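Asker:
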Amino acid sequence: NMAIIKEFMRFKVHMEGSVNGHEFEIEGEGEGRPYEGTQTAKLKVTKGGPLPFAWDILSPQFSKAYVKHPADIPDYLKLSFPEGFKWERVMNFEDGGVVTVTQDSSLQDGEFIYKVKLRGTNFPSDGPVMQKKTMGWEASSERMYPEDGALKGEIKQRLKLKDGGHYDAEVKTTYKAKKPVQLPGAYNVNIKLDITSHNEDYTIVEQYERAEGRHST
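Going by the deposited numbering, the letters in the sequence shown line up with residues 4 to 65, 69 to 223, in that order.
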């Protein structure tokens with residue numbers, strides 16, 4: 004609760020990843036306002052840089071403790087701490103690309119620690135991911151609902167393309183507290199993720215994310 008999740012909180016993130024067999028590691032630190040639903044992340048590619056694919060397929064893997075929730079929606083993921091939560095995500099891209107992500111979130115020495123494993127497969131070589139033709143995510147609405155003692159989220163996520171139009175991903179995430187905590191009912195999280203800066207080859211990236219829970223009913 005509010006004792007251990009403070010109004011300003013830092014995080015450290017490590018990602019081990021493969022996309023179409025290209026292995027990489029990313030280390031990052033972030034900060035934000037967990038009750039205000041805002042955070043920034045500073046990522047560095049530490050291995051396998053420069054990435055031969057669009058940064059944008061990684062950007063949504065770098069923090070669900072920082073969602074602003076109405077007082078009457080139980081904040082399942084904040085309540086999970088200090089033990090924290092795991093999440094497993096599947097992203098089905100419209101051209102057959104697949105991203106599966108597993109993530110451990112915990113709290114150590116007053117900081118969130120994120121460990122991400124990512125596998126991207128079956129991106130066509132002439133597709134917008136491997137040709138780096140993407141231009142950031144549209145604002146998303148994640149449909150949250152409880153199921154089988156976890157919180158599920160579903161998103162129709164849209165990547166803007168440099169030449170116009172959109173590249174669609176269907177996303178399902180299971181978020182599971184490491185201890186039993188109160189699950190909410192159905193509700194929506196409005197998410198906007200921006201790349202605020204990057205160097206020419208995306209080995210250094212800053213992101214900013216606003217996420218706000220809203221009532222469905």
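For each residue, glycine too, the CB sits at the ideal point set by N, CA and C.
Among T108, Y82, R149, which residue has its Cα nearest to the Cα of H17?
Answerer: Against the sequence shown, residue 17 aligns to sequence position 14. It is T108.
Asker: Can you have a look at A77 and say buried or exposed, based on whether 16 or more other CB atoms are within 10 angstroms of its CB?
Answerer: Taking the first residue of the sequence shown as 1, we reach residue 77 at position 71. With fewer than 16 other Cβ atoms within 10 Å, it is exposed.
Asker: Measure the C-alpha to C-alpha separation of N196 and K168 and round it to an integer number of angstroms.
Answerer: Within the sequence shown, numbered from 1, the residue matching residue 196 stands at position 190. Within the sequence shown, numbered from 1, the residue matching residue 168 stands at position 162. One C-alpha to the other measures close to 24 Å.
Asker: Hey, could you find the ends of the beta strand (DSSP E) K84 is sitting in?
Answerer: The count along the sequence shown starts at 1 and reaches residue 84 at position 78. That residue, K84, is in no beta strand (DSSP E); its alpha helix (DSSP H) goes 82-85.
Asker: Going by beta-carbon coordinates alone, are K50 and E32 separated by less than 9 Å?
Answerer: Residue mapping note: residue 50 aligns to position 47 of the sequence shown, counting from 1. Residue mapping note: residue 32 aligns to position 29 of the sequence shown, counting from 1. Not closer than 9 Å, so no.
Asker: Is the beta carbon of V177 sitting closer than 9 Å to the one on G159?
Answerer: For the purposes of this step, residue 177 is taken as the residue at position 171 of the sequence shown. For the purposes of this step, residue 159 is taken as the residue at position 153 of the sequence shown. Yes.
Asker: What's the C-alpha gap between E19 and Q163?
Answerer: Position 16 of the sequence shown, counting from 1, holds the residue named residue 19. Position 157 of the sequence shown, counting from 1, holds the residue named residue 163. For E19 and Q163, the distance between alpha carbons rounds to 23 Å.
Asker: Under 7 Å Cβ to Cβ from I8, same chain only, skipping five residues before and after it: list those, please.
Answerer: In the sequence shown, residue 8 corresponds to position 5, counting from 1. The residues are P37, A71, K84, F87.
Asker: Are the CB atoms of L165 and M141 within a distance shorter than 9 Å?
Answerer: Here residue 141 refers to the residue found at position 135 of the sequence shown. Here residue 165 refers to the residue found at position 159 of the sequence shown. Yes, the pair counts as a contact, with Cβ atoms nearer than the cut-off.
Asker: What separation, rounded to the nearest whole angstrom, lies between the Cα atoms of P55 and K47?
Answerer: Your numbering for residue 55 matches position 52 in the sequence shown. Your numbering for residue 47 matches position 44 in the sequence shown. Approximately 15 Å between the Cα atoms of the pair.
Asker: Can you tell me which of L157, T202, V211, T180 puts its alpha carbon nearest to the alpha carbon of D81?
Answerer: On the sequence shown, residue 81 is found 75 positions in, with the first residue counted as 1. Of the candidates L157, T202, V211, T180, the one whose C-alpha sits nearest the C-alpha of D81 is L157.
Asker: What would DSSP say about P55, mapped onto helix, strand or coil?
Answerer: If you number the sequence shown from 1, residue 55 lands on position 52. Correct three-state label for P55: coil.
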